[PDB]
>>> print(open('structure34.pdb').read())   # PDB, C-alpha atoms and all ligand atoms
ATOM      1  CA  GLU A   6       1.163   1.960 -11.844
ATOM      2  CA  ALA A   7       1.781   2.889 -15.477
ATOM      3  CA  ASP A   8       5.118   1.148 -15.060
ATOM      4  CA  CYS A   9       3.769  -1.788 -13.033
ATOM      5  CA  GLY A  10       5.049  -5.313 -13.611
ATOM      6  CA  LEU A  11       8.193  -4.302 -15.495
ATOM      7  CA  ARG A  12      11.287  -5.209 -13.479
ATOM      8  CA  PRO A  13      14.197  -2.716 -13.404
ATOM      9  CA  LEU A  14      16.752  -5.543 -13.593
ATOM     10  CA  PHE A  15      14.981  -7.632 -16.236
ATOM     11  CA  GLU A  16      12.261  -6.215 -18.533
ATOM     12  CA  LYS A  17      13.606  -2.642 -18.277
ATOM     13  CA  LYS A  18      17.018  -3.855 -19.509
ATOM     14  CA  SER A  19      15.626  -6.576 -21.804
ATOM     15  CA  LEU A  20      17.226  -9.323 -19.710
ATOM     16  CA  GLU A  21      15.307 -12.535 -19.021
ATOM     17  CA  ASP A  22      15.390 -14.371 -15.704
ATOM     18  CA  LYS A  23      16.414 -18.052 -15.574
ATOM     19  CA  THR A  24      12.954 -19.631 -15.613
ATOM     20  CA  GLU A  25      10.452 -17.199 -17.135
ATOM     21  CA  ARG A  26      10.679 -19.087 -20.391
ATOM     22  CA  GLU A  27       9.059 -22.071 -18.605
ATOM     23  CA  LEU A  28       5.993 -19.883 -17.998
ATOM     24  CA  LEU A  29       5.851 -18.648 -21.602
ATOM     25  CA  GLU A  30       6.117 -22.187 -22.949
ATOM     26  CA  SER A  31       3.088 -23.190 -20.848
ATOM     27  CA  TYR A  32       0.890 -20.462 -22.385
ATOM     28  CA  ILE A  33      -0.075 -22.656 -25.326
TER      29      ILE A  33
ATOM     30  CA  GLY B   2      14.681 -15.499  16.500
ATOM     31  CA  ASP B   3      17.527 -15.725  13.998
ATOM     32  CA  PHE B   4      16.825 -12.269  12.576
ATOM     33  CA  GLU B   5      19.405  -9.485  12.517
ATOM     34  CA  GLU B   6      18.212  -6.467  14.507
ATOM     35  CA  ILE B   7      16.690  -3.685  12.432
ATOM     36  CA  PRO B   8      17.461  -0.018  13.156
ATOM     37  CA  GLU B   9      15.706   1.264  16.279
ATOM     38  CA  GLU B  10      14.083   4.041  14.251
ATOM     39  CA  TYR B  11      11.659   1.522  12.761
ATOM     40  CA  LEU B  12      10.530   0.101  16.098
TER      41      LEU B  12
ATOM     42  CA  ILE C   1       8.572 -22.762  -0.613
ATOM     43  CA  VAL C   2       9.132 -26.505  -1.084
ATOM     44  CA  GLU C   3      11.274 -27.737  -3.985
ATOM     45  CA  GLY C   4      11.927 -24.241  -5.307
ATOM     46  CA  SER C   5      15.161 -22.391  -6.056
ATOM     47  CA  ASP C   6      16.989 -19.284  -4.873
ATOM     48  CA  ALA C   7      15.526 -16.152  -6.434
ATOM     49  CA  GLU C   8      17.804 -14.056  -8.631
ATOM     50  CA  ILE C   9      18.479 -10.509  -7.448
ATOM     51  CA  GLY C  10      15.601  -8.206  -8.418
ATOM     52  CA  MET C  11      13.572 -11.122  -9.791
ATOM     53  CA  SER C  12      10.540 -10.319  -7.613
ATOM     54  CA  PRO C  13      10.811  -6.622  -6.736
ATOM     55  CA  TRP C  14       7.141  -6.552  -5.604
ATOM     56  CA  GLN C  15       7.841  -9.173  -2.914
ATOM     57  CA  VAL C  16       7.077  -7.896   0.575
ATOM     58  CA  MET C  17       7.878  -9.442   3.938
ATOM     59  CA  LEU C  18       5.398  -8.938   6.763
ATOM     60  CA  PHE C  19       7.514  -8.703   9.864
ATOM     61  CA  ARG C  20       6.381  -8.942  13.483
ATOM     62  CA  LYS C  21       7.938  -6.318  15.759
ATOM     63  CA  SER C  22       7.973  -8.364  18.980
ATOM     64  CA  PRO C  23       9.182 -10.953  18.911
ATOM     65  CA  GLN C  24      11.015 -10.149  15.667
ATOM     66  CA  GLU C  25       9.933 -12.814  13.186
ATOM     67  CA  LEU C  26       8.604 -13.383   9.677
ATOM     68  CA  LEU C  27       4.820 -13.375   9.693
ATOM     69  CA  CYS C  28       3.848 -13.700   6.049
ATOM     70  CA  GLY C  29       4.581 -12.647   2.497
ATOM     71  CA  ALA C  30       2.731  -9.893   0.687
ATOM     72  CA  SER C  31       3.119  -7.812  -2.475
ATOM     73  CA  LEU C  32       3.654  -4.199  -3.462
ATOM     74  CA  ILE C  33       0.903  -2.909  -5.756
ATOM     75  CA  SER C  34       1.737   0.824  -5.643
ATOM     76  CA  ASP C  35       4.011   3.147  -3.683
ATOM     77  CA  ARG C  36       1.591   3.126  -0.749
ATOM     78  CA  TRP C  37      -0.401  -0.131  -0.912
ATOM     79  CA  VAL C  38       0.502  -3.717  -0.043
ATOM     80  CA  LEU C  39      -1.676  -6.756  -0.764
ATOM     81  CA  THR C  40      -1.688  -9.889   1.431
ATOM     82  CA  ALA C  41      -3.858 -12.748   2.726
ATOM     83  CA  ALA C  42      -6.503 -11.895   5.319
ATOM     84  CA  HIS C  43      -5.501 -14.891   7.447
ATOM     85  CA  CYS C  44      -2.044 -13.358   7.926
ATOM     86  CA  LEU C  45      -3.620 -10.616  10.019
ATOM     87  CA  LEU C  46      -6.843 -12.169  11.324
ATOM     88  CA  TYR C  47      -7.329 -15.815  12.263
ATOM     89  CA  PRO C  48      -9.342 -16.319  15.505
ATOM     90  CA  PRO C  49      -8.865 -20.103  15.637
ATOM     91  CA  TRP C  50      -5.180 -19.392  16.476
ATOM     92  CA  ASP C  51      -5.848 -16.167  18.398
ATOM     93  CA  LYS C  52      -4.315 -14.163  15.579
ATOM     94  CA  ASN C  53      -5.548 -10.578  15.327
ATOM     95  CA  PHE C  54      -2.814  -8.132  14.478
ATOM     96  CA  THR C  55      -3.195  -4.366  14.692
ATOM     97  CA  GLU C  56      -1.260  -1.836  12.573
ATOM     98  CA  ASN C  57       1.317  -1.179  15.290
ATOM     99  CA  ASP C  58       2.214  -4.849  15.715
ATOM    100  CA  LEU C  59       3.673  -5.021  12.210
ATOM    101  CA  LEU C  60       6.296  -3.716   9.819
ATOM    102  CA  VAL C  61       6.491  -4.176   6.058
ATOM    103  CA  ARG C  62       9.949  -4.927   4.591
ATOM    104  CA  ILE C  63      10.385  -4.278   0.870
ATOM    105  CA  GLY C  64      13.267  -4.944  -1.512
ATOM    106  CA  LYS C  65      14.523  -7.938   0.469
ATOM    107  CA  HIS C  66      16.453 -10.994  -0.696
ATOM    108  CA  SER C  67      18.070 -12.489   2.412
ATOM    109  CA  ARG C  68      15.484 -13.834   4.876
ATOM    110  CA  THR C  69      17.174 -12.831   8.139
ATOM    111  CA  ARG C  70      19.697 -10.128   7.271
ATOM    112  CA  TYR C  71      19.066  -6.426   7.570
ATOM    113  CA  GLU C  72      19.850  -5.467   3.987
ATOM    114  CA  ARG C  73      21.314  -2.022   4.515
ATOM    115  CA  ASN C  74      20.975   0.398   1.580
ATOM    116  CA  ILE C  75      18.678  -2.061  -0.210
ATOM    117  CA  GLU C  76      15.562  -2.970   1.737
ATOM    118  CA  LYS C  77      13.124  -0.338   2.970
ATOM    119  CA  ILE C  78      11.053  -0.832   6.106
ATOM    120  CA  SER C  79       7.618   0.777   6.352
ATOM    121  CA  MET C  80       5.027   1.290   9.070
ATOM    122  CA  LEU C  81       1.344   0.632   8.458
ATOM    123  CA  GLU C  82      -1.225   3.400   8.420
ATOM    124  CA  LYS C  83      -4.243   1.127   8.170
ATOM    125  CA  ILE C  84      -5.280  -2.490   7.567
ATOM    126  CA  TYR C  85      -8.332  -3.371   5.450
ATOM    127  CA  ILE C  86      -9.602  -6.950   5.552
ATOM    128  CA  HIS C  87     -12.298  -8.114   3.118
ATOM    129  CA  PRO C  88     -15.695  -7.740   4.878
ATOM    130  CA  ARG C  89     -16.811 -11.215   3.776
ATOM    131  CA  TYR C  90     -13.515 -13.012   4.504
ATOM    132  CA  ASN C  91     -14.611 -16.467   5.730
ATOM    133  CA  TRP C  92     -12.175 -17.539   8.459
ATOM    134  CA  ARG C  93     -14.748 -19.821  10.065
ATOM    135  CA  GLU C  94     -14.833 -22.336   7.241
ATOM    136  CA  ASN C  95     -12.603 -22.307   4.161
ATOM    137  CA  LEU C  96     -10.756 -18.965   3.955
ATOM    138  CA  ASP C  97     -13.127 -17.715   1.261
ATOM    139  CA  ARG C  98     -12.116 -14.189   0.175
ATOM    140  CA  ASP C  99      -8.700 -14.467   1.839
ATOM    141  CA  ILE C 100      -7.484 -10.969   1.008
ATOM    142  CA  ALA C 101      -6.409  -7.823   2.842
ATOM    143  CA  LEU C 102      -4.900  -4.462   1.953
ATOM    144  CA  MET C 103      -2.392  -2.477   3.958
ATOM    145  CA  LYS C 104      -1.860   1.268   3.522
ATOM    146  CA  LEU C 105       1.668   2.491   4.254
ATOM    147  CA  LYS C 106       2.289   5.572   6.405
ATOM    148  CA  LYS C 107       4.576   7.047   3.725
ATOM    149  CA  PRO C 108       5.177   6.162   0.049
ATOM    150  CA  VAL C 109       8.067   3.755  -0.559
ATOM    151  CA  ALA C 110      10.750   4.779  -3.046
ATOM    152  CA  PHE C 111      11.051   2.488  -6.061
ATOM    153  CA  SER C 112      14.497   1.182  -6.948
ATOM    154  CA  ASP C 113      16.172  -1.680  -8.794
ATOM    155  CA  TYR C 114      14.895  -3.902  -5.957
ATOM    156  CA  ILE C 115      11.492  -2.331  -5.257
ATOM    157  CA  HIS C 116       8.778  -2.084  -7.910
ATOM    158  CA  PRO C 117       5.055  -2.833  -7.978
ATOM    159  CA  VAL C 118       3.410  -5.754  -9.731
ATOM    160  CA  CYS C 119       0.299  -5.265 -11.932
ATOM    161  CA  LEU C 120      -3.215  -6.356 -10.983
ATOM    162  CA  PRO C 121      -5.091  -8.169 -13.737
ATOM    163  CA  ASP C 122      -7.934  -6.694 -15.798
ATOM    164  CA  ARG C 123     -10.750  -9.018 -16.889
ATOM    165  CA  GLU C 124      -9.151  -9.721 -20.257
ATOM    166  CA  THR C 125      -5.761 -10.656 -18.835
ATOM    167  CA  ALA C 126      -7.380 -12.947 -16.239
ATOM    168  CA  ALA C 127      -9.555 -14.640 -18.843
ATOM    169  CA  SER C 128      -6.519 -15.178 -21.039
ATOM    170  CA  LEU C 129      -4.061 -16.422 -18.388
ATOM    171  CA  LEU C 130      -6.089 -18.314 -15.772
ATOM    172  CA  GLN C 131      -6.253 -21.596 -17.678
ATOM    173  CA  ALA C 132      -5.444 -25.115 -16.510
ATOM    174  CA  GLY C 133      -1.857 -25.957 -17.451
ATOM    175  CA  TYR C 134      -0.643 -22.335 -17.653
ATOM    176  CA  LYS C 135       2.157 -21.771 -15.141
ATOM    177  CA  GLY C 136       2.517 -19.016 -12.567
ATOM    178  CA  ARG C 137       5.289 -18.252 -10.122
ATOM    179  CA  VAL C 138       5.143 -18.277  -6.318
ATOM    180  CA  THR C 139       7.799 -16.710  -4.095
ATOM    181  CA  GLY C 140       8.476 -16.538  -0.395
ATOM    182  CA  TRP C 141      10.691 -17.034   2.661
ATOM    183  CA  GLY C 142       8.545 -19.800   4.139
ATOM    184  CA  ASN C 143       9.572 -23.305   5.199
ATOM    185  CA  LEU C 144      11.478 -25.451   2.709
ATOM    186  CA  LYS C 145       9.715 -28.585   3.986
ATOM    187  CA  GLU C 146       6.435 -29.504   5.693
ATOM    188  CA  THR C 147       8.176 -30.764   8.850
ATOM    189  CA  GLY C 155      14.312 -25.793   7.630
ATOM    190  CA  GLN C 156      14.274 -22.136   6.613
ATOM    191  CA  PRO C 157      15.818 -20.614   3.481
ATOM    192  CA  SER C 158      18.727 -18.198   3.510
ATOM    193  CA  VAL C 159      17.214 -16.204   0.673
ATOM    194  CA  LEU C 160      13.942 -15.673  -1.187
ATOM    195  CA  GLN C 161      12.696 -18.880  -2.832
ATOM    196  CA  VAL C 162      10.881 -19.210  -6.173
ATOM    197  CA  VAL C 163       8.896 -21.981  -7.855
ATOM    198  CA  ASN C 164       6.826 -22.202 -11.034
ATOM    199  CA  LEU C 165       3.560 -24.170 -10.806
ATOM    200  CA  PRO C 166       0.757 -25.017 -13.245
ATOM    201  CA  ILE C 167      -2.856 -24.000 -12.621
ATOM    202  CA  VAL C 168      -4.984 -27.071 -11.997
ATOM    203  CA  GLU C 169      -8.385 -27.965 -13.474
ATOM    204  CA  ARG C 170     -11.231 -27.055 -11.089
ATOM    205  CA  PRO C 171     -12.640 -30.618 -10.894
ATOM    206  CA  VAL C 172      -9.185 -31.927  -9.950
ATOM    207  CA  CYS C 173      -8.827 -29.205  -7.301
ATOM    208  CA  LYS C 174     -12.224 -30.106  -5.827
ATOM    209  CA  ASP C 175     -11.541 -33.855  -5.896
ATOM    210  CA  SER C 176      -8.275 -33.430  -3.962
ATOM    211  CA  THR C 177      -9.861 -32.157  -0.750
ATOM    212  CA  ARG C 178     -12.825 -32.377   1.602
ATOM    213  CA  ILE C 179     -12.768 -28.587   1.981
ATOM    214  CA  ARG C 180     -15.492 -26.709   0.070
ATOM    215  CA  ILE C 181     -13.784 -24.688  -2.671
ATOM    216  CA  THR C 182     -15.305 -21.443  -3.984
ATOM    217  CA  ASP C 183     -15.100 -19.404  -7.183
ATOM    218  CA  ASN C 184     -12.811 -17.021  -5.250
ATOM    219  CA  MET C 185     -10.028 -19.635  -5.184
ATOM    220  CA  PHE C 186      -7.949 -21.528  -7.709
ATOM    221  CA  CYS C 187      -5.395 -24.245  -7.153
ATOM    222  CA  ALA C 188      -1.936 -24.881  -8.562
ATOM    223  CA  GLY C 189       0.701 -27.589  -8.392
ATOM    224  CA  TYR C 190       1.881 -30.656 -10.244
ATOM    225  CA  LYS C 191      -0.028 -33.955 -10.302
ATOM    226  CA  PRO C 192       1.598 -37.143  -8.896
ATOM    227  CA  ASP C 193       2.251 -38.505 -12.390
ATOM    228  CA  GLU C 194       3.846 -35.291 -13.689
ATOM    229  CA  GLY C 195       7.072 -36.012 -11.814
ATOM    230  CA  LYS C 196       7.935 -32.397 -10.977
ATOM    231  CA  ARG C 197       6.857 -30.894  -7.662
ATOM    232  CA  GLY C 198       6.844 -27.758  -5.521
ATOM    233  CA  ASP C 199       4.399 -25.861  -3.325
ATOM    234  CA  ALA C 200       4.063 -22.957  -0.945
ATOM    235  CA  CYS C 201       4.418 -23.702   2.754
ATOM    236  CA  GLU C 202       4.116 -22.125   6.214
ATOM    237  CA  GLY C 203       5.418 -18.556   6.044
ATOM    238  CA  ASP C 204       4.680 -18.135   2.320
ATOM    239  CA  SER C 205       1.028 -17.206   3.040
ATOM    240  CA  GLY C 206       0.058 -13.808   1.707
ATOM    241  CA  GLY C 207       2.664 -13.925  -1.048
ATOM    242  CA  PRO C 208       1.948 -13.425  -4.763
ATOM    243  CA  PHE C 209       1.204 -15.978  -7.493
ATOM    244  CA  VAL C 210       2.319 -14.102 -10.618
ATOM    245  CA  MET C 211       2.248 -14.695 -14.355
ATOM    246  CA  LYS C 212       4.038 -12.885 -17.135
ATOM    247  CA  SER C 213       1.600 -11.766 -19.810
ATOM    248  CA  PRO C 214       2.813 -12.850 -23.263
ATOM    249  CA  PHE C 215       0.719  -9.943 -24.660
ATOM    250  CA  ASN C 216       2.449  -6.961 -23.049
ATOM    251  CA  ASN C 217       5.310  -8.742 -21.259
ATOM    252  CA  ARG C 218       4.292  -7.390 -17.858
ATOM    253  CA  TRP C 219       3.955  -9.322 -14.615
ATOM    254  CA  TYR C 220       0.455  -9.664 -13.110
ATOM    255  CA  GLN C 221      -0.489 -10.955  -9.676
ATOM    256  CA  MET C 222      -3.250 -13.498 -10.326
ATOM    257  CA  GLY C 223      -3.227 -15.177  -6.919
ATOM    258  CA  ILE C 224      -2.429 -14.826  -3.232
ATOM    259  CA  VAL C 225      -0.964 -17.806  -1.387
ATOM    260  CA  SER C 226      -3.859 -18.922   0.792
ATOM    261  CA  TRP C 227      -4.007 -22.500   2.065
ATOM    262  CA  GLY C 228      -2.991 -26.094   1.543
ATOM    263  CA  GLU C 229      -3.179 -29.363   3.415
ATOM    264  CA  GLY C 230       0.434 -30.025   4.269
ATOM    265  CA  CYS C 231       3.080 -28.812   1.824
ATOM    266  CA  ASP C 232       4.004 -30.505  -1.459
ATOM    267  CA  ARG C 233       2.030 -33.646  -0.660
ATOM    268  CA  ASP C 234       1.226 -35.953  -3.566
ATOM    269  CA  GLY C 235      -2.352 -35.532  -4.715
ATOM    270  CA  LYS C 236      -2.761 -32.224  -2.898
ATOM    271  CA  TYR C 237      -2.587 -28.710  -4.325
ATOM    272  CA  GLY C 238      -1.978 -25.202  -3.086
ATOM    273  CA  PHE C 239      -4.973 -22.894  -2.988
ATOM    274  CA  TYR C 240      -4.760 -19.272  -3.984
ATOM    275  CA  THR C 241      -7.083 -16.312  -3.597
ATOM    276  CA  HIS C 242      -8.411 -15.324  -7.041
ATOM    277  CA  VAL C 243      -7.240 -11.705  -7.224
ATOM    278  CA  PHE C 244      -9.293 -10.665 -10.234
ATOM    279  CA  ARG C 245     -12.550 -11.950  -8.710
ATOM    280  CA  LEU C 246     -11.922  -9.620  -5.772
ATOM    281  CA  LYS C 247     -10.645  -6.654  -7.823
ATOM    282  CA  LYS C 248     -13.786  -4.575  -7.310
ATOM    283  CA  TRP C 249     -13.246  -4.637  -3.545
ATOM    284  CA  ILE C 250      -9.567  -3.762  -4.012
ATOM    285  CA  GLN C 251     -10.443  -0.743  -6.163
ATOM    286  CA  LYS C 252     -13.202   0.402  -3.804
ATOM    287  CA  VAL C 253     -10.763   0.424  -0.873
ATOM    288  CA  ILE C 254      -8.043   2.227  -2.787
ATOM    289  CA  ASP C 255     -10.582   4.663  -4.296
ATOM    290  CA  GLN C 256     -12.141   5.623  -0.962
ATOM    291  CA  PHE C 257      -9.048   5.586   1.254
ATOM    292  CA  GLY C 258      -6.211   6.182  -1.212
TER     293      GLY C 258
HETATM  294  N1  LIG D   1      -3.875 -26.334   6.730
HETATM  295  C1  LIG D   1      -4.875 -25.286   6.609
HETATM  296  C2  LIG D   1      -6.022 -25.794   5.742
HETATM  297  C3  LIG D   1      -7.239 -24.919   5.951
HETATM  298  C4  LIG D   1      -7.965 -24.470   4.850
HETATM  299  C5  LIG D   1      -9.086 -23.670   5.037
HETATM  300  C6  LIG D   1      -9.486 -23.321   6.327
HETATM  301  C7  LIG D   1      -8.769 -23.773   7.428
HETATM  302  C8  LIG D   1      -7.644 -24.574   7.240
HETATM  303  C9  LIG D   1      -4.241 -24.080   5.969
HETATM  304  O1  LIG D   1      -3.643 -24.191   4.905
HETATM  305  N2  LIG D   1      -4.350 -22.915   6.608
HETATM  306  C10 LIG D   1      -5.029 -22.668   7.881
HETATM  307  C11 LIG D   1      -4.476 -21.326   8.335
HETATM  308  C12 LIG D   1      -3.964 -20.632   7.083
HETATM  309  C13 LIG D   1      -3.738 -21.714   6.031
HETATM  310  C14 LIG D   1      -2.264 -21.923   5.806
HETATM  311  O2  LIG D   1      -1.601 -22.479   6.668
HETATM  312  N3  LIG D   1      -1.730 -21.505   4.651
HETATM  313  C15 LIG D   1      -0.326 -21.628   4.253
HETATM  314  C16 LIG D   1      -0.178 -22.488   3.013
HETATM  315  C17 LIG D   1      -0.615 -22.044   1.763
HETATM  316  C18 LIG D   1      -0.474 -22.853   0.633
HETATM  317 CL1  LIG D   1      -1.031 -22.305  -1.003
HETATM  318  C19 LIG D   1       0.114 -24.103   0.789
HETATM  319  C20 LIG D   1       0.532 -24.507   2.058
HETATM  320  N4  LIG D   1       0.382 -23.711   3.129
HETATM  321  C1  LIG D   2      -9.698  -7.941  16.436
HETATM  322  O1  LIG D   2      -9.091  -6.777  16.934
HETATM  323  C2  LIG D   2      -9.976  -5.568  16.934
HETATM  324  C3  LIG D   2      -9.354  -4.578  17.788
HETATM  325  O2  LIG D   2      -8.929  -5.021  19.043
HETATM  326  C4  LIG D   2     -11.348  -5.860  17.457
HETATM  327  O3  LIG D   2     -12.192  -4.710  17.378
HETATM  328  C5  LIG D   2     -11.934  -6.996  16.804
HETATM  329  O4  LIG D   2     -13.254  -7.215  17.304
HETATM  330  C6  LIG D   2     -11.081  -8.171  17.043
HETATM  331  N1  LIG D   2     -11.688  -9.420  16.578
HETATM  332  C7  LIG D   2     -12.146  -9.687  15.187
HETATM  333  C8  LIG D   2     -12.018  -8.686  14.099
HETATM  334  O5  LIG D   2     -12.639 -10.772  14.938
HETATM  335 NA    NA D   3     -13.889 -32.753  -2.644
HETATM  336 NA    NA D   4       0.977 -31.736  -4.338
END
>>> encode(input="structure34.pdb", output="structure tokens")
Amino acid sequence: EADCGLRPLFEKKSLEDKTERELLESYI
Amino acid sequence: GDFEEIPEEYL
Amino acid sequence: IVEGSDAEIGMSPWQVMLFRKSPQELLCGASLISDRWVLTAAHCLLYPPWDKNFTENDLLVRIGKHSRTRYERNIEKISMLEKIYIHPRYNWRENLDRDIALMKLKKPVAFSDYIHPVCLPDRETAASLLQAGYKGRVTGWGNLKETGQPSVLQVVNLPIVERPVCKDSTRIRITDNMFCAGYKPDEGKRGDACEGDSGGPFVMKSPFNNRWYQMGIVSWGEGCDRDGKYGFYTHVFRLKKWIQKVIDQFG
């Protein structure tokens, strides 16, 4: 669980998915 | 029932 | 999922499909929280009003999936259940209060590009993220409309709704163990979970450590994507002590 919530194909490679920015922008 | 059959080992 | 989009490959590697052995069909969504534990909604396994009461041997868990119906050879892994644990105060008689269940796998699942556990929130992360307006993400292979089925995993982002608005949308008694999410009629955008998405994760990406946390479990709604209605989610953090007790004792 030390590695939980970090996706091999996104966070682990520093790639962003197509809509995660929408979430970040809502965290005002 | 439009699911592809899974390997028998799992059933 | 109504009004969502196709997931990208590996976008939700904690997504689990609960799969009925006979007849072979999708039962529910669920989520991978460690190599041996899967989290889902209690009503996926136990719901007496519809004569639903599944035992371990009735079910399989399918992990790493993208296509709904295909057998994804070399990608998905299919696991048998060792034991089901349903919350002892799960209220199926009234409002689905404490709609949460754990499933222990017979053997640990191997993590891969497509299979990886989501985090469970600590108090601080919950306090910081569970705020009206903040958006989470819901995923599943459920119906695309209230009254067909997707070819692949669907995803939609939805804002958490103010508690008074949640309460005023329904005649159902809402508890502190639930939150609601979805757009208001005037917001223009839409989207919702639907039949078959139950048990799936509502996740948020922490802007503090850039990790994904499961804040909610898809629980109930009146219809799907109806104006003036909202999806209701089990509040995972509020039930975290039970989760830890189960994993501690039976892990
Ligand atoms: N339609 C009922 C409403 C309800 C609520 C409390 C108690 C009894 C009935 C419902 O959503 N469900 C009754 C059985 C399980 C659940 C369901 O279908 N849940 C799926 C779902 C979840 C979400 Cl968030 C949105 C849309 N549909
Ligand atoms: C559900 O199934 C188990 C096993 O058959 C049974 O013991 C239980 O009483 C049933 N009904 C419930 C949990 O409401
Ligand atoms: Na009300
Ligand atoms: Na709605």
>>> residues_around(input="structure34.pdb", residues="residue 26 of chain A", least_positions_apart="3", cutoff="12 Å", atoms="all atoms listed in the file", output="ChimeraX atom specification")
/A:20-23,29-32 /C:135-137,164,211-214,217
>>> write_last_selection(input="structure34.pdb", atoms="C-alpha atoms", output="short mmCIF file (atom, residue, chain, number, x, y, z; two decimals), keeping the file's coordinate frame")
data_model
loop_
_atom_site.label_atom_id
_atom_site.label_comp_id
_atom_site.auth_asym_id
_atom_site.auth_seq_id
_atom_site.Cartn_x
_atom_site.Cartn_y
_atom_site.Cartn_z
CA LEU A 20 17.23 -9.32 -19.71
CA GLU A 21 15.31 -12.54 -19.02
CA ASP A 22 15.39 -14.37 -15.70
CA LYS A 23 16.41 -18.05 -15.57
CA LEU A 29 5.85 -18.65 -21.60
CA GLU A 30 6.12 -22.19 -22.95
CA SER A 31 3.09 -23.19 -20.85
CA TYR A 32 0.89 -20.46 -22.38
CA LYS C 135 2.16 -21.77 -15.14
CA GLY C 136 2.52 -19.02 -12.57
CA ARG C 137 5.29 -18.25 -10.12
CA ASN C 164 6.83 -22.20 -11.03
CA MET C 211 2.25 -14.70 -14.36
CA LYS C 212 4.04 -12.88 -17.14
CA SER C 213 1.60 -11.77 -19.81
CA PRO C 214 2.81 -12.85 -23.26
CA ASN C 217 5.31 -8.74 -21.26
#
>>> interface_residues(input="structure34.pdb", of="chain A", to="chain C", cutoff="6 Å", atoms="only C-alpha atoms", output="MDAnalysis selection string")
chainID A and resid 9:11 13:14 28 31:32
>>> residues_near_ligand(input="structure34.pdb", ligand="ligand LIG 2 (chain D)", cutoff="7 Å", atoms="only C-alpha atoms and all ligand atoms", output="short mmCIF file (atom, residue, chain, number, x, y, z; two decimals) with C-alpha atoms, in the frame of the given file")
data_model
loop_
_atom_site.label_atom_id
_atom_site.label_comp_id
_atom_site.auth_asym_id
_atom_site.auth_seq_id
_atom_site.Cartn_x
_atom_site.Cartn_y
_atom_site.Cartn_z
CA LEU C 46 -6.84 -12.17 11.32
CA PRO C 48 -9.34 -16.32 15.50
CA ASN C 53 -5.55 -10.58 15.33
CA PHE C 54 -2.81 -8.13 14.48
CA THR C 55 -3.20 -4.37 14.69
#
>>> residues_near_ligand(input="structure34.pdb", ligand="ligand LIG 1 (chain D)", cutoff="8 Å", atoms="only C-alpha atoms and all ligand atoms", output="PyMOL selection string")
chain C and resi 43-44+47+92-96+179+187+199-205+224-232+237-240
>>> residues_near_ligand(input="structure34.pdb", ligand="ligand NA 4 (chain D)", cutoff="7 Å", atoms="only C-alpha atoms and all ligand atoms", output="PDB file with C-alpha atoms, in the coordinates of the input")
ATOM      1  CA  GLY C 189       0.701 -27.589  -8.392  1.00  0.00           C
ATOM      2  CA  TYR C 190       1.881 -30.656 -10.244  1.00  0.00           C
ATOM      3  CA  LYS C 191      -0.028 -33.955 -10.302  1.00  0.00           C
ATOM      4  CA  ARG C 197       6.857 -30.894  -7.662  1.00  0.00           C
ATOM      5  CA  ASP C 199       4.399 -25.861  -3.325  1.00  0.00           C
ATOM      6  CA  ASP C 232       4.004 -30.505  -1.459  1.00  0.00           C
ATOM      7  CA  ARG C 233       2.030 -33.646  -0.660  1.00  0.00           C
ATOM      8  CA  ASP C 234       1.226 -35.953  -3.566  1.00  0.00           C
ATOM      9  CA  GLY C 235      -2.352 -35.532  -4.715  1.00  0.00           C
ATOM     10  CA  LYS C 236      -2.761 -32.224  -2.898  1.00  0.00           C
ATOM     11  CA  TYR C 237      -2.587 -28.710  -4.325  1.00  0.00           C
TER      12      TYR C 237
END
>>> residues_near_ligand(input="structure34.pdb", ligand="ligand NA 3 (chain D)", cutoff="7 Å", atoms="all atoms listed in the file", output="PDB file with C-alpha atoms, keeping the file's coordinate frame")
ATOM      1  CA  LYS C 174     -12.224 -30.106  -5.827  1.00  0.00           C
ATOM      2  CA  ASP C 175     -11.541 -33.855  -5.896  1.00  0.00           C
ATOM      3  CA  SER C 176      -8.275 -33.430  -3.962  1.00  0.00           C
ATOM      4  CA  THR C 177      -9.861 -32.157  -0.750  1.00  0.00           C
ATOM      5  CA  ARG C 178     -12.825 -32.377   1.602  1.00  0.00           C
ATOM      6  CA  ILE C 179     -12.768 -28.587   1.981  1.00  0.00           C
ATOM      7  CA  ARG C 180     -15.492 -26.709   0.070  1.00  0.00           C
TER       8      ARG C 180
END
>>> closest_residue(input="structure34.pdb", among="C:161, C:24, C:31, C:91", to="residue 6 of chain C", atoms="all atoms listed in the file")
C:161
>>> resolve_selection(input="structure34.pdb", expression="the ChimeraX specification (/B :<7) & /C", output="list in words")
residues 21, 24, 25, 69, 70 and 71 of chain C
>>> atom_distance(input="structure34.pdb", atom1="atom CA of residue 198 of chain C", atom2="atom CA of residue 2 of chain C")
5.1 Å
>>> atom_distance(input="structure34.pdb", atom1="atom CA of residue 51 of chain C", atom2="atom CA of residue 18 of chain C")
17.7 Å
>>> decode(input="structure34.pdb", residues="segment 13-25 of chain A", atoms="C-alpha atoms", output="PDB file, in the first residue's frame")
ATOM      1  CA  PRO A  13       1.826   2.617 -13.564  1.00  0.00           C
ATOM      2  CA  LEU A  14       0.728   4.198 -16.859  1.00  0.00           C
ATOM      3  CA  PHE A  15       0.232   7.742 -15.564  1.00  0.00           C
ATOM      4  CA  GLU A  16       1.759   8.992 -12.279  1.00  0.00           C
ATOM      5  CA  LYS A  17       4.636   6.474 -12.408  1.00  0.00           C
ATOM      6  CA  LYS A  18       5.620   7.801 -15.859  1.00  0.00           C
ATOM      7  CA  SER A  19       4.580  11.413 -15.166  1.00  0.00           C
ATOM      8  CA  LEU A  20       1.844  11.253 -17.809  1.00  0.00           C
ATOM      9  CA  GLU A  21      -1.532  12.873 -17.135  1.00  0.00           C
ATOM     10  CA  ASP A  22      -4.845  11.367 -18.203  1.00  0.00           C
ATOM     11  CA  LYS A  23      -7.257  13.384 -20.376  1.00  0.00           C
ATOM     12  CA  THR A  24      -9.514  14.757 -17.639  1.00  0.00           C
ATOM     13  CA  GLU A  25      -7.648  14.757 -14.320  1.00  0.00           C
TER      14      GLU A  25
END
